[PDB]
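Protein chains: 2
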Amino acid sequence: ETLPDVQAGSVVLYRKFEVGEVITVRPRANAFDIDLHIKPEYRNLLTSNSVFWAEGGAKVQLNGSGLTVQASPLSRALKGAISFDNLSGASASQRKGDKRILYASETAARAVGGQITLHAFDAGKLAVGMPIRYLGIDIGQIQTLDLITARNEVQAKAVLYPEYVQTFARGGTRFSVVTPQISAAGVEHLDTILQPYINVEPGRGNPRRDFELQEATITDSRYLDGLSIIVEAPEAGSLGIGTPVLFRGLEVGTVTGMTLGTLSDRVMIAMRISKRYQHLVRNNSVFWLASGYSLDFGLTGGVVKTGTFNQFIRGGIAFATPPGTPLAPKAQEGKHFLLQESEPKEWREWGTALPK
Amino acid sequence: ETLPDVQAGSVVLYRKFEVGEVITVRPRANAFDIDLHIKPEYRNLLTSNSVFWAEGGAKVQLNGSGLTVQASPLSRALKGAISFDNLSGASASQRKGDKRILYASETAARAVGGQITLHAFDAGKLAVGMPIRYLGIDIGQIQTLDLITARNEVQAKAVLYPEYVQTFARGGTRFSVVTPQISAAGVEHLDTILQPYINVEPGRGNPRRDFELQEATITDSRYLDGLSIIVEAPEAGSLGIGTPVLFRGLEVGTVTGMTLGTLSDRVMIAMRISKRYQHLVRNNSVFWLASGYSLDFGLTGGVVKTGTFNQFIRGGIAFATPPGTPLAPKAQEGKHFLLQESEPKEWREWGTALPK
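First to last, the sequence lines map onto chains A and B.
Reading the first sequence from the start, the letters are residues 522 to 877 in the entry's author numbering.
Reading the second sequence from the start, the letters are residues 522 to 877 in the entry's author numbering.
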């Protein structure tokens, strides 16, 4: 479409190496038509599964301390060169269209694989080429942004790399941008100042390939494997996605999502517990809201407790098991509990033996 | 008017490609008169709907890590080149004036379409070329700033791109700049340090094409579709534009705007509720102000509640429905409520069944 590369005479690069030549371009109102020369001993090195991308001029990277000027053929200093490479799923890009298309960047040429669609309410955080990362490892890429004024949403069409398209895009998959959070409590992400991405949490179900972009998503997958109990509450309060679930002050679980009931009288809370602490949850385990700072008072004297709480940052649900000489069976995968509106007075003196 | 491009001999660019030549300029006290050569096989590539823009010298971009020097004809290294392109609505720019005008930048040449006018009280945040963005997608552009000392206001004349001029500019449309907000509560926008823009919320009505620039505007359009009830209060308090409206602690609506009554005894609050939670609002639904931190005290002992509230950030109006064995009908599009001055004591024990 628009490349400042060359009129004629730049070099065809392959894995950043100079073999080939661009011999003819012609401008058009929409898109160039570009003719390349490669050597006859050399035509085996490209096949159907090959993508082409172009760059122009001296690209001085700023990465860390280095400022690397392009050790370039003087062709590229005057007229920007074109690179190419073979890859796995480049056949589907050639099945559409009459011939190959010369992409404007390296990462735009890598965008092959299964193509999903995100329905975001706001594209203020999105960009073309913004990576989709699972556990910090890049699995996908946004390749376009479209505004629809009829349905008030931005449809971002993304691709997933061919290894991950079967494992993801299964429905119940959460997509969310990660924004830098700089507060008085502390900085959470600071790379996302300069390079934002999309965190993704997989799901299990039918291959929908039609998604919406959420607000928050659990970062670590260490709580993905264990049971997913549902906890009923009269109100939400300070509960949110990512709020820790605690046993005796240690973090054993997190709140995955929050929604109302099927009849709107209670807010049910979806939380997951780790595999190591999966056995702590019993059929009789009272839950209560340990949120924020609770300080006491008396008529003859008062004492307070302040503990720089993560509960003050995100109000954590705590639990314990009442003592019984027969132990109740383990809680099932889907089990409904209700909160105690106050902390039980005697759970510090319970000491209920939960083995293994 | 003022371009450092060339005396004679730079190249005419088309989609960043070198076909053509600038053969004659003459200086004048106001504006240059520039004569261009293009090839006779090539004159089909430009028509009436064509805009011209010029740039001068090596433009090293700083975007991210890259510092791309212009892979340029050595003409441009000495004498800056001129580019052009065809587009949709360039006819109206040629209907005015005797001939085409050579713009000083690429984005200034793209400023075509319907021309609105903003009446801002302060141009400290505005600039020429500042984009107007709906849902983060660019729809418009400011092209000039004028100070009037008679009417104490700055008239900024903006353009809207021809796809969006019919959907916007309909009256009841909110324009607002978005400024970076860096506080102890957290950072809200940080791109707008370096690149500010104007958020826009559309409206429905007559094509006014005469606007004023507001202070705050709802960012997301996820609350644009549902009903818009009006809620009456004795005072404003901590209520503002963007304050969430909550059902059982989950956010179901936002306050759109605030104004006084037709006779000044009460402040009425315009709020919109989502489509999913539209059915929760009934004809008997008490509203109360859940703003900030309310802690209790007693003669024999006191207990406090602190919950890192967004209500402390923006004081959210909460609601619930009293129980009745017949359910009242749904609230209409325009319905007037009044706040309860205190929280009802028994809404936690209500549990009013609201189906679907």
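Think of the CB as a built atom: it goes at the ideal place given N, C-alpha and C, for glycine as much as any other residue.
Along chain B, in chain order, which residues have C-beta atoms closer than 9 Å to that of residue i?
i, result
"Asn584(A)", "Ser586"
"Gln702(A)", "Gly707 and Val708"
"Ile714(A)", "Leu711"
Using 7 Å as the threshold, is the C-beta distance between residue i and residue j below it?
i, j, result
"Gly724(B)", "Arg691(B)", "yes"
"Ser531(B)", "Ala625(B)", "no"
"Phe642(A)", "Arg672(B)", "no"
"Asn570(B)", "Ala611(B)", "yes"
"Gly645(A)", "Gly587(B)", "no"
"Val686(A)", "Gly634(A)", "yes"
"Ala575(A)", "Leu524(A)", "yes"
"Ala677(A)", "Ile660(A)", "no"
"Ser697(A)", "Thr738(A)", "yes"
"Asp786(A)", "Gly872(B)", "yes"
"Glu522(A)", "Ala552(A)", "yes"
"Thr764(A)", "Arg835(A)", "yes"
"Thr842(A)", "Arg797(A)", "no"
"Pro548(A)", "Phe538(B)", "yes"
"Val788(A)", "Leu781(A)", "yes"
"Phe818(A)", "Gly823(B)", "yes"
"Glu674(B)", "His710(B)", "no"
"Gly577(A)", "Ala706(B)", "no"
"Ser604(B)", "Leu557(B)", "no"
"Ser609(B)", "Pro683(B)", "yes"
Between residue i and residue j, which are expected to be in contact by the criterion C-beta below 8 Å, what is the C-beta distance as a whole number of angstroms?
i, j, result
"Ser812(B)", "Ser759(B)", "5 Å"
"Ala679(B)", "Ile653(B)", "6 Å"
"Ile790(A)", "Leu810(A)", "10 Å between Cβ atoms; not a contact."
"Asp606(B)", "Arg536(B)", "6 Å"
"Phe840(A)", "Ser806(A)", "5 Å"
"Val540(A)", "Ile559(A)", "7 Å"
"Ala874(B)", "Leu784(A)", "5 Å"
"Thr846(B)", "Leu820(A)", "That pair is no contact at about 44 Å."
"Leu647(A)", "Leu668(A)", "Not a contact, Cβ separation roughly 11 Å."
Of the choices the options, whose alpha-carbon is the least far from that of residue i?
i, options, result
"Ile714(A)", "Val708(A), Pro701(A) and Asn720(A)", "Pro701(A)"
"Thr777(B)", "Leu801(B), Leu810(B), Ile750(B) and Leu771(B)", "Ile750(B)"
"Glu542(B)", "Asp731(B), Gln528(B) and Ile663(B)", "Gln528(B)"
"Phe573(A)", "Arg621(A), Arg787(A) and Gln676(A)", "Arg621(A)"
"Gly747(B)", "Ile719(B), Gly782(B) and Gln799(B)", "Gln799(B)"
"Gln735(A)", "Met779(A), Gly774(A) and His710(A)", "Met779(A)"
"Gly855(A)", "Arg835(A), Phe830(A), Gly822(A) and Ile794(A)", "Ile794(A)"
"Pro755(A)", "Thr694(A), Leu859(A) and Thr764(A)", "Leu859(A)"
"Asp554(A)", "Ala613(A), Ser863(A), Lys866(A) and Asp526(A)", "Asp526(A)"
"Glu627(A)", "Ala613(A), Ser609(A), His640(A) and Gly650(A)", "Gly650(A)"
"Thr740(B)", "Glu772(B), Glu684(B) and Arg695(B)", "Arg695(B)"
"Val766(B)", "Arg803(B), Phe808(B) and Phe732(B)", "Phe808(B)"
"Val752(B)", "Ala852(B), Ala592(B) and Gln636(B)", "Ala852(B)"
"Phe833(B)", "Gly761(B), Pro865(B) and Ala849(B)", "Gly761(B)"
"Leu771(A)", "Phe830(A), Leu557(A) and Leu784(A)", "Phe830(A)"
"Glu870(B)", "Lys617(B), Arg564(B) and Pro844(B)", "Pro844(B)"
"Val721(B)", "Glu864(B), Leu567(B) and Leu745(B)", "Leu745(B)"
"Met792(A)", "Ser863(A), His857(A) and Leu595(A)", "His857(A)"
"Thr568(A)", "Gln615(A), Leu681(A), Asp731(A) and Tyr718(A)", "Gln615(A)"
"residue 904(A)", "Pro850(A), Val581(A) and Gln861(A)", "This structure cannot speak to residue 904(A), because chain A is shown only from 522 to 877."
Along chain B, which residues have their Cβ under 7 Å away from the Cβ of residue i?
i, result
"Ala705(A)", "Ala705"
"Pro525(A)", "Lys537 and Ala592"
"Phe818(A)", "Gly822 and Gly823"
"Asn831(A)", "Neighbours of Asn831(A) on chain B: none; closest Cβ ~11 Å, over 7 Å."
Strictly below 9 Å CB to CB, what residues from chain A border residue i?
i, result
"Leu566(B)", "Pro548, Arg549 and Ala550"
"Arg869(B)", "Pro755, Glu756 and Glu862"
"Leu859(B)", "Within chain A, no residue comes near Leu859(B); the closest Cβ sits about 23 Å away, beyond 9 Å."
"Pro876(B)", "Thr783, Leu784 and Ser785"
Quick one: list the residues of chain E neighbouring residue i, beta-carbon separation under 7 Å, in chain order.
i, result
"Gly828(B)", "Absent from the structure is chain E; the protein chains it does hold are A and B."
Check the Cβ of residue i against every Cβ in chain A and list those closer than 7 Å, keeping chain order.
i, result
"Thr545(B)", "In chain order: nothing, as chain A lies at least about 23 Å away."
"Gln591(B)", "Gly578"
"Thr873(B)", "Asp786"
Handout entry: Chain-ordered residues of the stretch 771-791 of chain A with a beta carbon less than 9 Å from chain B
Key = Hits within the stretch, in order: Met779, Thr780, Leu781, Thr783, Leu784, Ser785, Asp786, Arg787 and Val788.
Handout entry: Contact set between the stretch 596-622 of chain A and chain B, restricted to residues whose Cβ is under 8 Å from the partner
Key = Flagged, chain order: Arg597, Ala598, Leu599, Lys600 and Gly601.
Problem - Contacting positions in the stretch 640-662 of chain A - beta carbon closer than 9 Å to chain B - result: Correct list: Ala641, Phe642, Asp643, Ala644, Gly645, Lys646 and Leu647.
Handout entry: Short-range partners of chain A found in the stretch 528-542 of chain B, where Cβ spacing is below 8 Å
Key = Of all residues in the stretch 528-542 of chain B, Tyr535, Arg536, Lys537, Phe538, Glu539 and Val540 have a Cβ within less than 8 Å of some Cβ in chain A.
Exercise for the section: Pull out every residue of the stretch 675-698 of chain A whose Cβ sits closer than 9 Å to any Cβ of chain B, in chain order. Expected result: When C-beta distances to chain B are compared with 9 Å, the residues of the stretch 675-698 of chain A below that value are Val675, in chain order.
Problem - chain B contacts made by the stretch 731-764 of chain A, where a contact means CB separation under 7 Å - result: Flagged, chain order: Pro755, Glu756, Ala757, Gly758 and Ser759.
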